[PDB]
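Protein chains in written order, with the numbering used here: chain X, 9 to 239; chain S, 58 to 173; chain B, 9 to 117; chain E, 733 to 782; chain Z, -4 to 354; chain L, 360 to 452; chain A, 87 to 137; chain Y, 1434 to 1525; chain U, 198 to 375; chain C, 28 to 176. Yeah, the Cβ is synthetic: ideal placement off N, Cα and C, and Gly gets one too. Everything below concerns the one structure shown next.
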Ligand SMILES: CCCCCCCCCCCCCCCCCC(=O)OC[C@H](COP(=O)([O-])OCC(O)COP(=O)([O-])OC[C@@H](COC(=O)CCCCCCCCCCCCCCCCC)OC(=O)CCCCCCCCCCCCCCCCC)OC(=O)CCCCCCCCCCCCCCCCC
Ligand SMILES: CCCCCCCCCCCCCCCCCC(=O)OC[C@H](COP(=O)([O-])OCC(O)COP(=O)([O-])OC[C@@H](COC(=O)CCCCCCCCCCCCCCCCC)OC(=O)CCCCCCCCCCCCCCCCC)OC(=O)CCCCCCCCCCCCCCCCC
Ligand SMILES: CCCCCCCCCCCCCCCCCC(=O)OC[C@H](COP(=O)([O-])OCC(O)COP(=O)([O-])OC[C@@H](COC(=O)CCCCCCCCCCCCCCCCC)OC(=O)CCCCCCCCCCCCCCCCC)OC(=O)CCCCCCCCCCCCCCCCC
Ligand SMILES: CCCCCCCCCCCCCCCCCC(=O)OC[C@H](COP(=O)([O-])OCC[N+](C)(C)C)OC(=O)CCCCCCCCCCCCCCCCC
Ligand SMILES: CCCCCCCCCCCCCCCCCC(=O)OC[C@H](COP(=O)([O-])OCC[N+](C)(C)C)OC(=O)CCCCCCCCCCCCCCCCC
Ligand SMILES: CCCCCCCCCCCCCCCCCC(=O)OC[C@H](COP(=O)([O-])OCC[N+](C)(C)C)OC(=O)CCCCCCCCCCCCCCCCC
Ligand SMILES: CCCCCCCCCCCCCCCCCC(=O)OC[C@H](COP(=O)([O-])OCC[N+](C)(C)C)OC(=O)CCCCCCCCCCCCCCCCC
Ligand SMILES: CCCCCCCCCCCCCCCCCC(=O)OC[C@H](COP(=O)(O)OCCN)OC(=O)CCCCCCCCCCCCCCCCC
Ligand SMILES: CCCCCCCCCCCCCCCCCC(=O)OC[C@H](COP(=O)(O)OCCN)OC(=O)CCCCCCCCCCCCCCCCC
């Protein structure tokens, strides 16, 4: 399982290895002799185009809406208590209307879905237009998440919990830098791996590696300090 | 309409969902636990038949024995409820208000709060 | 444990068993022949009959373990000697009583 | 005094406002089911990124 | 089958001997009160029919047989391999785990014997249950397949349920006000209910995981599972991430419910509230030294090939548990709750350490 | 564990592949990378993924219009005769 | 126990609409462990010959 | 059914026909959804063994297959050469 | 893992995290045993609430044994639990898990206060009477006192002898080929 | 010279003399002594019984009396008949444990794990590269508990 696999890819390493690259265009090119239906259907590669700002914004909005609906399903609705009269009226609606459960679900999940969509879209636009080209990635993520979650906690939940929102945003930013923008459990390269370029003979490479080993010996404390017994 | 593998894989968790969903009456939960054990029995038999696995086929009697022992323990606990003065409907053992119950109402065992 | 040769060798078929007496007799004969040959790299083809007997008698995992142990023993023999190791261990144990103070104002590196 | 100690104290108190001191069977079973369903949901959401 | 090698069942002889001795002595103690007096027999003193035997002798017997098992382990010799149809593993690490469990059980039994000599509020059935737990729990580390592990853990769970059942209920205290009034205490029923249902959930989820592991790989042995998973990762043949993730989730959630880790902890708090101090003394030892250690070894040693899925689940569980208990641990007002939440916090810390290790 | 038995007390059909895979794993110093062929054969004999993919492809092809009539099978001579040719055993005749 | 058959007066609609229906919908949407098993009638029975 | 009418008076067809129909419709819709869309997507057999796979997963699978084949071929060739060299050196 | 002309060099011991985990489990079991032995030495019926920590306000041995056991569970440096917590953090740093270190530290400090707050309740107006009476006198168990004393000595001076225990645990774990 | 004769009543003390602190040998490591019968069944293991196993049983019988009395000392509210029966049960259990130990010793002698009176024609000698205990054992009592090639 990997998070944000496409962004954290070593294009040079995959190219030298021949491994397929996630940066390939992934586009359809219908032929000029193809049918009109085929030409119309080949337009779906737009839905895959990733440089599409509006597509990405709607993608983030859908993710946020799904998260909000899941939260409502799990914790929010069950924690919130509905008035007895309201419950009786909606049950009567279910009795008097076919598929009344669907409409009740729509009514109950509209607030969570809408707020999740808004949060997702705003968060995507925020992160992409701002903080995308900062120098310190960790600091940028921490500050952006802190501010965004501070505002979100102030608005959605309560203006009196904005400090806790900011702290949670800092924590979430650290977590995101750790496991979303970085590959700690998603390694696709062996540690110490490298690639060779230029016309160097194997003898020269072995000589250089011997010199590197001689330098590496100095890392050991005993040899550096000359504190070894005569074996 | 559904392949047997997917059908049984889904209905096991559906049975678990029913067990959690139904009102918490110890006898009902015991019956649902027995049904869950039998669903596991059927799924194990299906997979054993598919993969020619005598171990999966034999898991049947192990599941039956475990279910029987758990059912005996459940019977004993349900009977112990009487001596421990607990309603089988666990939701009635606490004073927390519950809209899911039409007639949940408890009062302190008193006749008059104010004397003067 | 997927990378562990020892555990993969410890795995076995339900009805498989090892005749340790016969396998070890064959391995002892083959290793005696190899030692008599006394080459840097064990060339089993120099001892065909004993090599075939060893392969037949011993299992693949036992053979792998034996070859790894032989490689380690060859390296140790090439490196160290009994008296050298005894003296070195005695010197190190004697040193262990003392302290290792830092060397301030070094000259190297 | 407030921004260093009272903040955390009030956070703990407000969180405990929503915690039942005594466990009940309905809560036990509902928590188990919620874990089972929604840990799977969140893990599959991470897997897909729909 | 023509020849039955002694290597397949050499290790079962000491445990069978201990089981025989324990159960024979238990039956003799049960029928102890029956002693016929023949018409020609003469009694030096009037028989005291009312008897309340102290279990110190049972505890000493348990200590003696544990020490004999320790001697057997110390004198043990053999090859490192599996025995009895590859269902049990016999290697240095597993034997060391067995010895460590036995040693800790012996020390705790010694302390319990001293406490019982101080005061007796525990029956002989209590320590017979402890004897069964001590005899059968160290065998878990000798498990070579998830199937045998499940059966052994089910047996140990039944033994622990027996121990909880035999907990003392009514005491002869100095309160003389409730002679003619009904006092209701639900601790016994709460303990039994929560233990029974947690065991049910854990067992069903573990059986589901076993079935799907058999489906994925022809066997359920640890080595075969790891080798098949690694080879599948190499080949890219079986690539049902949904199925692999769901199997891992089922296993982890089953163990979470079994142990009582932060996401599911309140039942553990209730059990600790309803259990005696000596029961907690033994249960914490059993839990930490066997159940949680095997839970860690699932990710470290046994199912290490699946760490590519376990890491995220463990991280999410740890984060949720920490943020859920940070406020709860300061809401308790009971000694048993304090002990249980100490255990829970240590469990969360050890889970974080396990994540770091599997990294 | 892999008992290796069938559902009628016989031998599990995957036993040869399992034995080959285990032998390779024991013999090789890098079993994960040097037993790919044997492990893939065992996994195929266990799961049958490749045959399911082939069946899916054949279903798609049959859905496509390419086959009209298969040749009849003359069982007496154990031969195949084109559907166009008439035979006594032919359904239409 | 419970000879007369009278049971607790329980209304399942509240929980069904608050927690269970949406959770079940999500679980059904995102849950399928069957990898490649094929239904009967997927291909003509005449292609199968091993039986 | 002896006294079939008296037996079937209360529940001839169903106790809650509307709910039974909703169950049937839900089962039908879920089976259709699974079989037609979800399980095929997970199986990913549409482009299996395609010469020009447009799916990243299929491309990765084919890359794994070719890499494993190349590794096996190279190791077999090297082992054959090593065995030949050992056999030649033996008879000296 | 370093490569120099096809010579692998390994300066890391893989069978070390398991040893650290075993050490933490053993340390927690030892401290739990100490506290539970202190409890068992006394009358059990007295301790039923966090307020009842004052009931431990008994003669110096019991009082200070409880105080030091609580501090060790909290993770105060000189005591035993600090060894486990510090080694866990050291291994996390070795594995380069800064976020794991952060969450470990948060949990550690919260649990530290959770343990410490009971020292406030330990204060009692007078000296408690928590010992069972036998033969008209309080029953003090020499064996349990001796066990508590050994546990106290090890809790105080575990840092001095921790190298031997670490060696033993690493020796046990090395048999695992992971 | 380091181990008691396997055919003597004290031959059962070699169980405590071990070359290394390991529990079991690796899958492929040659046993310290020649193998007499690797695939040993119950009947042949019993037939291989020896004065060493009889001495182990005698040691168990001798040591089961103090241990049985120690166990019995924690008994209360017990009649004389029940006390004697409990003593008999504990003593029989200890003797059965001794029989099990003798059986295991016979199995080890058959498999070559312990001294069975035979020696390999060519010893596989190690290089004692790491030595933290040679001098300690030589100057201490523990040289008796270890076996060195
Ligand atoms: C397979 C397993 C399940 C089988 C069926 C159930 C039987 C087994 C039960 C045991 C298992 C656990 C059950 C626990 C029940 C919990 C409580 C409850 O709701 O029941 C009590 C409920 C009330 O009981 P009652 O009080 O006795 O009865 C009172 C009234 O008589 C009652 O009448 P009513 O009309 O009031 O109730 C109707 C009831 C049942 O519903 C129905 O009437 C039938 C619904 C059919 C599904 C329709 C959706 C479209 C399907 C398309 C399929 C093909 C897609 C192909 C894709 C191709 C792509 C290339 O409605 C609901 O439950 C409401 C939700 C239904 C809609 C589901 C929508 C899912 C997709 C949404 C995605 C996101 C959309 C975003 C917005 C889009 C806007 C454009 O009981 C019932 O009505 C009977 C049980 C029915 C259970 C339904 C469970 C929900 C699952 C629905 C199907 C999911 C399909 C997912 C795949 C397709 C996705 C597109
Ligand atoms: C908080 C920022 C993030 C927000 C995220 C959410 C965004 C929502 C979507 C976009 C909304 C567009 C604007 C419409 C109004 C929305 C608000 C609203 O109605 O609220 C009700 C009320 C206004 O409603 P009303 O009274 O009924 O009448 C409004 C008229 O109808 C107003 O109508 P009008 O006819 O007069 O025309 C208004 C005109 C005015 O245009 C402007 O002026 C806008 C451009 C300027 C603002 C730029 C943003 C701020 C940049 C500066 C950032 C500084 C941060 C520094 C941080 C430092 C570190 C601590 O805007 C438009 O109508 C243009 C609309 C064009 C379409 C936009 C497409 C949006 C697509 C996405 C929709 C999302 C749907 C889901 C949403 C729900 C779920 C989340 O507004 C508020 O209560 C806002 C309160 C703001 C805070 C208090 C301000 C006074 C005290 C100063 C506090 C200083 C704090 C500074 C930061 C912290 C420092 C420590
Ligand atoms: C840096 C962190 C370190 C953390 C450390 C954690 C643990 C610390 C606390 C516990 C340590 C163990 C303390 C001794 C056992 C307790 C009982 C006892 O002896 O006192 C009662 C007994 C009181 O006698 P009393 O007052 O005259 O009369 C008492 C009753 O009236 C009449 O009594 P009775 O008739 O009822 O019973 C008499 C019998 C009572 O004795 C018992 O029943 C002993 C109960 C405990 C059994 C478990 C011991 C395991 C030892 C191994 C190491 C692990 C320790 C684990 C401890 C915690 C586990 C929960 O007495 C004895 O024979 C005592 C012998 C004790 C030594 C046992 C050695 C067994 C070794 C087995 C393993 C060998 C290695 C195999 C390798 C395999 C390779 C293939 O004490 C004494 O006779 C001496 C007391 C004063 C000196 C004590 C010296 C203790 C030395 C401890 C060394 C620990 C290891 C080295 C340090 C490691 C870290 C660097
Ligand atoms: C476990 C570790 C915990 C870490 C704690 C993290 C602290 C979080 C603090 C959040 C503060 C609230 C959000 C601030 C968002 C804006 C940040 C920004 O502009 O910096 C980006 C830019 C982007 O930087 P950069 O990435 O281009 O370059 C980084 C440079 N080096 C490598 C040297 C670090 O950073 C800065 O210029 C500031 C960096 C330091 C942070 C300063 C925060 C100031 C907050 C007050 C602003 C007041 C504005 C005026 C109004 C005053 C009142 C009237
Ligand atoms: C060169 C020639 C050499 C010839 C050597 C021939 C002799 C060989 C045998 C030597 C045996 C030495 C003593 C062994 C231990 C005796 C224990 C005993 O009797 O204590 C009774 C005591 C009984 O108590 P007690 O008799 O001390 O009195 C109790 C008094 N109250 C109750 C008031 C305190 O046993 C115990 O207390 C132990 C209880 C726990 C169970 C421990 C089992 C240990 C089993 C050990 C088996 C033998 C191991 C031998 C190892 C040899 C290694 C080389
Ligand atoms: C083997 C035994 C044979 C003998 C059995 C006894 C036979 C005689 C009695 C039979 C009926 C029982 C007594 C009923 C008395 C009450 C009458 C009454 O109210 O009406 C009855 C019923 C009334 O049913 P209902 O709608 O009221 O049911 C709900 C019942 N309550 C109110 C209790 C919730 O009449 C009908 O339902 C008639 C219309 C529907 C019939 C069923 C249609 C679906 C199933 C058959 C499909 C056939 C093929 C076509 C479909 C497509 C195929 C591809
Ligand atoms: C967690 C739970 C605990 C741990 C796990 C549980 C493990 C369970 C699996 C154990 C498998 C053990 C199988 C052992 C089979 C071999 C036995 C053996 O050694 O036999 C050798 C001998 C055979 O030795 P042999 O194999 O050498 O003989 C063949 C020799 N050749 C080939 C040369 C001809 O067996 C027998 O002769 C007897 C067989 C058994 C007879 C029936 C015995 C029934 C006993 C019932 C109980 C009696 C209780 C009495 C109590 C009295 C006091 C109250
Ligand atoms: C995540 C892991 C670690 C977890 C531990 C905690 C980490 C915290 C990291 C950030 C710490 C920033 C310092 C302040 C934290 C507390 C918040 C605060 O001081 O600002 C609150 C104050 C508004 O107060 P008010 O809303 O009236 O009261 C709360 C009502 N519920 O003011 C506001 O409205 C907030 C304004 C924005 C915050 C500005 C803070 C600037 C501080 C500068 C000086 C101190 C710097 C210390 C750190 C240096 C770098 C290490
Ligand atoms: C022998 C060896 C050993 C094994 C022994 C086995 C013993 C089996 C014992 C069976 C006992 C049967 C009698 C008791 C149950 C009767 C059914 C019942 O109680 O129904 C409950 C439930 C549905 O209940 P409800 O929704 O309220 O509606 C009732 C409609 N009948 O019911 C359900 O869940 C579904 C009920 C379905 C009923 C179907 C009726 C079909 C009638 C067919 C008539 C003839 C035409 C057949 C055509 C076939 C074409 C293929």
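With respect to chain Y, the C-beta atom of residue 53/B has a partner C-beta closer than 8 Å. Listed along the chain, the chain Y residues whose CB falls inside 7 Å of the CB of residue 59/S are 1464 and 1467.
The beta-bridge partner set that DSSP reports for residue 433/L consists of 438/L. If only complete runs of 4 or more residues are kept, the stretch 132 to 166 of chain S shows no alpha helix (DSSP H) anywhere. C-alpha of residue 148/S to C-alpha of residue 155/S: approximately 8 Å in a straight line.
For residue 1438/Y, the Cβ falls inside the 7 Å cut-off from some heavy atom of ligand 6. Non-local beta-carbon contacts of residue 143/S in its own chain, meaning distances under 8 Å to residues more than five positions away in sequence, involve 150 in chain order. The chain-ordered list of residues whose CB is nearer than 5 Å to some heavy atom of ligand 8 reads 168/X, 171/X, 178/X, 179/X and 735/E.
Residue 160/S reaches chain A at 95, counting residues in chain order whose Cβ is nearer than 8 Å.
Here residue 396/L is near residue 1505/Y, since their CB atoms are less than 8 Å apart. By the Cβ-count criterion, residue 51/X is exposed, with fewer than 16 other Cβ atoms from all chains shown falling within 10 Å of its own Cβ. Chain L has no Cβ within less than 8 Å of the Cβ of residue 1435/Y. With respect to residue 83/C, residue 128/C sits close: the two C-beta atoms are nearer than 8 Å. Contact between the stretch 87 to 106 of chain A and the stretch 83 to 101 of chain X is established, with three or more Cβ pairs separated by less than 8 Å. Using a Cβ distance threshold of 8 Å, residue 280/Z and residue 103/Z count as a contacting pair.
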